[PDB]
There are 2 protein chains.
Amino acid sequence: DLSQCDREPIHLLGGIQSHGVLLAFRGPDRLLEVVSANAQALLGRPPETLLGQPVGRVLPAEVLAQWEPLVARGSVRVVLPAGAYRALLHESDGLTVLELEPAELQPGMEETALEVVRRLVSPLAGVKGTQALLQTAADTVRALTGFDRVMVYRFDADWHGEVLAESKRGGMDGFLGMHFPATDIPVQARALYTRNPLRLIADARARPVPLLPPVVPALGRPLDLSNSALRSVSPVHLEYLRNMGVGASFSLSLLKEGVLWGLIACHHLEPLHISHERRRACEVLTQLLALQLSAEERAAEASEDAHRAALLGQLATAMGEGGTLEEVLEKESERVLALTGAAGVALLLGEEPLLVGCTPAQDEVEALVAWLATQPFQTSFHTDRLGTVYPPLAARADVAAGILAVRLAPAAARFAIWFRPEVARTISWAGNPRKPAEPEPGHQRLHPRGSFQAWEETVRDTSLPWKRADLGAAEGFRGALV
Amino acid sequence: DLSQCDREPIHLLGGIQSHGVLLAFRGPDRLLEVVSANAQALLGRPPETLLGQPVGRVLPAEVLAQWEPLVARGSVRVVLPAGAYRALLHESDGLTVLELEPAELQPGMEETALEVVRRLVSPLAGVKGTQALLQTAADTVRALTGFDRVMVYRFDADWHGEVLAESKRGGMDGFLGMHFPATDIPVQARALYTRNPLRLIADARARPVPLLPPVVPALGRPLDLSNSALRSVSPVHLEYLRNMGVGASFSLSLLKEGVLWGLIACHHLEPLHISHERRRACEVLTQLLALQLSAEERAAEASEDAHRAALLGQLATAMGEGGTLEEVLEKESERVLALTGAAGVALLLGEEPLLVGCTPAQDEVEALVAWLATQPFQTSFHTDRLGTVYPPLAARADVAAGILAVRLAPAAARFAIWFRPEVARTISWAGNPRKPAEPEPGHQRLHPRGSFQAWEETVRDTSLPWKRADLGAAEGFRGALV
Ligand SMILES: */C=C/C1=C(C)C(=O)N/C1=C\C1=NC(=C\c2[nH]c(/C=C3\NC(=O)C(C=C)=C3C)c(C)c2CCC(=O)O)/C(CCC(=O)O)=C1C
Ligand SMILES: */C=C/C1=C(C)C(=O)N/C1=C\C1=NC(=C\c2[nH]c(/C=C3\NC(=O)C(C=C)=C3C)c(C)c2CCC(=O)O)/C(CCC(=O)O)=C1C
């Protein structure tokens with residue numbers, strides 16, 4: 001179900017944010033084709049009068065002088081009689097898009113940000129866990145942006161997420177540890193956040209500035225603002241902000257090894273514009289954490305596969321120390337369990353089933369033993385909520401909430417099945433997950449949930465997720481029984 | 001220790017660089033105890049008549065106006081009539097040492113180094129290899145320092161180095177590809193370089209400034225200048241550079257997982273001083289490179305593991321469904337070799353040897369098995385130069401230069417032994433390695449080597465080195481068959 005949320009084009013709403021001015025040109029003569037209605041407060045004259053006119057007679061000479069560097073570097077600073085603006089330049093719908101927004105005024109900013117990078121690299125980060133690695137990356141970003149609250153938000157495989165870190169001001173509420181639906185950040189949004197990694201909402205109460213003309217004439221549609229720094233956002237999202245009593249919003253995507261792993265959302269309770277220069281420096285921090293997270297993770301996985309392979313070697317040094325099948329896998333009982341972080345093992349070596357640890361009844365292992373043999377897997381099968389696919393043992397989630405089965409022979413149903421009990425998790429949801437929006441009668445005008453107060457849900461009948469190492473240790477064992 | 005170049009106390013040389021003043025204070029009354037003889041250059045009044053004078057009456061009020069900002073940070077900018085300077089504070093031998101140094105004049109340093117941090121931390125970096133990673137880092141440090149040549153030095157196991165990357169200006173001598181002896185950077189300096197990661201020589205030809213008094217009166221020795229920016233390097237080094245044609249040297253240790261991976265060296269043909277702050281943003285980049293290298297490198301070891309584990313996966317699917325062990329290893333001999341990237345394998349299941357691929361003859365293999373039997377290895381043995389420990393097959397480096405053996409049995413003689421042939425290398429040195437230093441009659445006066453021209457050499461009887469992924473799969477094979 002691709003809902004109403006996952007529909008309307010957020011890149012075709014046709015408004016810009018009032019703290020800036022948008023101009024679009026087409027042609028070798030670069031005649032103004034698309035103008036935002038507030039254009040006058042800079043250009044001088046009625047916007048309607050400057051459509052159809054080449055750049056030379058609409059743009060100030062303060063800016064055209066630096067047009068070449070604008071074209072080559074994509075952005076240049078320009079001082080006007082109004083103040084210091086930053087000219088941004090890109091391409092869209094075959095037209096040239098120009099944006100003026102206020103520039104950075106405080107000149108020891110890059111110095112300051114060069115010092116938050118030293119903190120986020122250091123000799124080495126992630127000392128006592130990646131938790132304080134995200135907590136620093138949150139602190140650094142608050143210190144640089146001046147925002148009252150900064151959360152690290154992670155995405156889960158269902159595309160729901162959780163605040164894993166939070167650096168806020170004293171006397172402020174916090175969303176630490178809470179959980180959030182997938183409809184909160186829809187799919188079309190996550191599609192373009194994985195392309196354009198920044199977004200600033202200076203004033204959520206403010207009214208978007210329309211563009212002129214309302215369509216691109218040669219197209220019958222509005223100008224594609226997917227790469228605009230001043231594009232104004234969906235209306236139903238400005239209300240979700242107001243129902244949190246926030247006033248400004250800045251978010252950066254956390255792209256690590258290709259995918260959208262999460263966001264760094266920044267909340268302020270009064271409007272605040274952050275210079276495009278200050279946001280690029282923040283982007284330098286977010287990429288920094290994303291590289292730290294990657295090197296820490298692989299290192300954990302490597303060390304987690306060296307201890308598992310220490311076990312595989314102890315199994316074999318013993319299994320060859322004496323002819324003793326039934327006996328060693330019994331005398332070395334905890335070295336098999338710990339191979340997959342398991343609590344009971346059922347080994348199908350024909351004959352009878354050698355039951356080790358806490359394990360389901362011999363006539364119940366013989367029940368999944370017969371169903372698994374008619375399941376579509378090749379070498380391994382792992383469920384973390386078995387009861388849902390195999391309900392007969394849905395009441396035995398005390399020993400069989402999750403399973404990890406390996407085939408010890410091609411045909412000839414010969415398996416090694418590790419078992420895990422459930423692990424009960426209470427997740428707190430920021431507001432009711434079942435009514436996470438308010439539709440109006442006719443179900444054609446959705447609104448957001450107005451309460452983000454805790455909602456608690458103990459999760460049952462699920463086990464711990466089978467990590468990557470458990471699974472490799474399983475198939476390593478497999479090449480030692482055949 | 002081993003040689004004289006290791007004896008030299010390169011931290012008690014009593015000299016500093018003429019582009020700066022050093023002053024050391026001690027006591028509740030910050031009495032001046034040690035001072036550089038050039039201190040009168042920037043203080044006014046001869047350095048001898050201010051010794052034992054409170055800090056108040058010796059320093060300029062321009063410097064003392066920031067005396068509290070100076071302490072709690074350890075760095076600050078002051079404007080003397082002599083010019084803008086950087087004051088830096090640190091404690092050595094119960095003394096408060098303060099070092100005055102010309103400060104940075106180009107104000108967009110921090111904006112420039114941000115852009116170069118952006119380049120080296122961006123994702124998609126290392127995509128054409130880690131060669132492009134060091135090449136990017138050498139090109140970026142050159143853009144900030146402005147040196148005429150910036151090279152990447154990697155120490156090997158034996159502490160000699162080579163140049164794996166290089167970035168230089170048009171028409172200049174390079175050292176790409178070349179190898180440099182262990183004696184060129186001696187052990188007492190490596191140790192120090194693990195702890196102070198940035199050093200700078202501004203005039204390879206300027207003579208040191210003495211410190212007055214020649215000693216610290218309470219010790220009998222001079223001031224320890226371990227954590228010093230203005231310290232003068234040993235005179236044996238100064239000759240080295242002046243026989244190299246360099247006029248200024250600046251280097252940054254590449255500390256990787258806490259150990260000294262290598263060094264980024266930069267050469268200018270003329271004297272050049274880099275500001276303290278610019279040396280600290282270059283060191284930012286050394287830690288991005290250290291990070292980037294650690295992450296990439298962990299990604300490959302994993303991808304290596306996956307291939308081997310699959311090779312272990314298919315053999316054990318060959319096993320348990322096709323006759324004896326002498327047959328399935330006859331139809332997967334291309335996998336049993338590939339396990340350890342081997343040219344041949346000799347398995348000993350207790351029968352006569354079963355030789356696979358390119359091996360030495362049955363008798364040569366048999367003889368080695370009875371040799372290794374005495375040897376004191378637990379479950380694994382490996383060498384890249386067998387002939388150095390077992391000469392009987394020192395003629396056979398065409399098949400047996402390097403070997404990897406695993407014990408397939410407890411207190412018994414059952415092994416699987418993979419075989420590699422030699423891989424002739426070719427080390428092109430910067431000078432003849434047997435003449436690394438040229439002493440005078442008597443040997444209490446050493447002189448740098450005079451000629452840095454390519455001295456080629458071709459190492460033989462040496463195989464490709466048994467890596468982590470190979471060894472890991474060697475033990476995997478051990479745990480599979482009986
Ligand atoms: C049916 C529609 C929607 C419901 C219901 C809902 O809750 N959101 C809906 C649509 C959109 N959400 C968009 C963006 C967006 N959502 C989040 C998540 C949060 N945003 C916040 O402001 C907070 C807290 C205050 C949270 C937890 C984020 C981070 C974003 C990105 C924008 C930002 O950084 O503020 C969205 C797209 C907006 C656009 O056009 O840019 C839509 C349509
Ligand atoms: C017996 C003495 C020595 C011989 C012979 C020799 O070749 N070196 C000897 C001693 C020391 N070398 C020290 C420092 C140093 N050496 C290198 C290596 C190079 N420096 C270069 O300039 C080049 C190329 C021209 C190479 C290959 C480096 C990088 C360093 C560090 C200093 C720098 O980067 O400029 C040394 C340390 C002296 C000190 O630090 O006080 C000694 C004693």
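So that the names make sense, note that chain A is the first sequence line, chain B the second, and so on, each numbered from 1. The analysis underlying the following values was restricted to heavy atoms, covering all of them including side chains, and did not include hydrogens, waters or symmetry mates. Atoms within each ligand, like the ligands themselves, are counted from 1 in listed order.
The aromatic ring centroids of B/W429 and B/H160 lie less than 6.0 Å from each other.
By the criterion of a heavy-atom distance under 4.0 Å, neither the backbone nor the side chain of B/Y153 is placed next to ligand 2. Residue contacts with ligand 2, taken as heavy atom pairs separated by less than 4.0 Å, involve B/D184 via backbone and side-chain atoms alike. Of all the heavy atoms of B/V233, the ones lying under 4.0 Å from any atom of ligand 2 are found in both the backbone and the side chain. The residue A/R449 has no part lying near ligand 1, judged by heavy-atom distances below 4.0 Å. Looking at B/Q4 against ligand 2, nothing comes within 4.0 Å, counting heavy atoms. Contact annotation for A/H267 and ligand 1: only side-chain heavy atoms (C-beta onward) come within less than 4.0 Å of the ligand. Contacts between A/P181 and ligand 1, counted as non-hydrogen atom pairs separated by less than 4.0 Å, are absent for every part of the residue. With a 4.0 Å cut-off on non-hydrogen atoms, A/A265 does not touch ligand 1 at all. Only backbone heavy atoms of B/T183 (N, CA, C or O) come within less than 4.0 Å of ligand 2; its side chain stays farther off.
Ring pair B/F452/B/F175 is perpendicular by interplanar angle, where above 60° counts as perpendicular and below 30° as parallel. Between B/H19 and B/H273, the angle of the ring planes lies from 30° to 60°, which puts this pair in the tilted group.
An N or O contact shorter than 3.5 Å links A/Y193 to ligand 1 by distance. Polar contact with ligand 1: present for A/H237 (N/O pair, distance under 3.5 Å). In terms of polar-atom proximity, B/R199 is not counted as a contact of ligand 2, lacking any N or O under 3.5 Å from an N or O of the ligand.
Taking every heavy atom of A/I10 and a limit of under 4.0 angstrom, the matching atoms of ligand 1 come to 40 (O), 43 (C). Atoms of ligand 2 found under 4.0 Å from any heavy atom of B/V236, numbered from 1 in the order shown, are 2 (C), 3 (C). Within the listing of ligand 2, atoms 22 (O), 35 (O) sit less than 4.0 angstrom from a heavy atom of B/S249. Atoms of ligand 2 lying under 4.0 Å from any heavy atom of B/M244, numbered from 1 in the order shown and given with element: 24 (C), 25 (C). Atoms of ligand 2 found under 4.0 Å from any heavy atom of B/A437 (numbered from 1 in listed order, with element): 5 (C). Of all atoms in ligand 2, numbered sequentially from 1 with element shown, those under 4.0 Å from a heavy atom of B/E8 are 43 (C).
Distance from atom 29 (C) of ligand 1 to its nearest protein heavy atom, with residue and atom name: A/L263 CD2, 3.7 Å. Ranking protein heavy atoms by distance to atom 22 (O) of ligand 1, first place goes to A/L241 CD2, 3.0 Å. The protein atom (non-hydrogen) at minimum distance from atom 17 (C) of ligand 1 is A/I185 CG1, 3.4 Å. Counting only heavy atoms of the protein, atom 38 (C) of ligand 2 lies nearest to B/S234 N, 3.7 Å. Protein heavy atom nearest atom 2 (C) of ligand 1, with residue, atom name and distance: A/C5 SG, 2.8 Å.
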Apply side-chain hydrogen bond (donor to acceptor under 3.5 Å, both in side chains) to residues B/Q4 and B/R7 and explain how you reach the verdict. CA-CA 5 Å; B/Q4 177 110 340; B/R7 295 187 42 203; 2.8 Å; yes

Could you walk me through whether B/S3 and B/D6 satisfy the side-chain hydrogen bond (donor to acceptor under 3.5 Å, both in side chains) test, starting with their C-alpha distance in whole Å, then the side-chain angles of each, then the deciding distance to 0.1 Å, before giving a yes or no? CA-CA 5 Å; B/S3 77; B/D6 298 323; 3.2 Å; yes

Apply side-chain hydrogen bond (donor to acceptor under 3.5 Å, both in side chains) to the pair A/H447 and A/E239, showing each step before the final yes or no. CA-CA 8 Å; A/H447 276 230; A/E239 178 176 354; 2.7 Å; yes

For A/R449 and A/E438, run salt bridge (charged side-chain N to carboxylate O under 4.0 Å, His left out): C-alpha distance rounded to whole Å, both residues' side-chain angles, the deciding distance at 0.1 Å, then the answer. CA-CA 6 Å; A/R449 78 192 172 271; A/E438 321 278 333; over 6 Å; no

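Atom CH2 of A/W455 and atom CD of A/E457 lie 4.5 Å apart (nearest 0.5 Å). Rounding to the nearest 0.5 Å places NE2 of B/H276 at 9.5 Å from CD of B/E99.
Residue B/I185 is tested with B/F180, B/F155, B/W159 for a side-chain contact (heavy atoms from CB on, under 4.5 Å); the sole match is B/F155. No option in B/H268, B/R142, B/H267 other than B/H268 meets the side-chain hydrogen bond (donor to acceptor under 3.5 Å, both in side chains) test with B/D148.
In this structure, A/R231 counts as a contact residue of ligand 1, since one of its heavy atoms falls inside 4.0 Å of the ligand.
Taking only non-hydrogen atoms, the option from A/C266, A/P186, A/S251 nearest to atom 11 (C) of ligand 1 is A/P186. Proximity annotation for atom 21 (C) of ligand 1: of A/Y240, A/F250, A/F452, A/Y240 comes nearest, heavy atoms only.
Formation of a donor-acceptor pair under 3.5 Å by the A/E162 side chain with backbone atoms of A/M178 is not found in this model. Side chain of A/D224 to main chain of A/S226: a donor-acceptor pair is present (N/O by atom type, distance under 3.5 Å, no hydrogens or angles).
Annotation: B/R221, atom CZ; neighbour count of heavy atoms from other residues, nucleotides and ligands within 6.0 Å is above 12.
Annotation for B/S253 and B/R199: closest pair OG-NH2, 2.8 Å, computed over non-hydrogen atoms.
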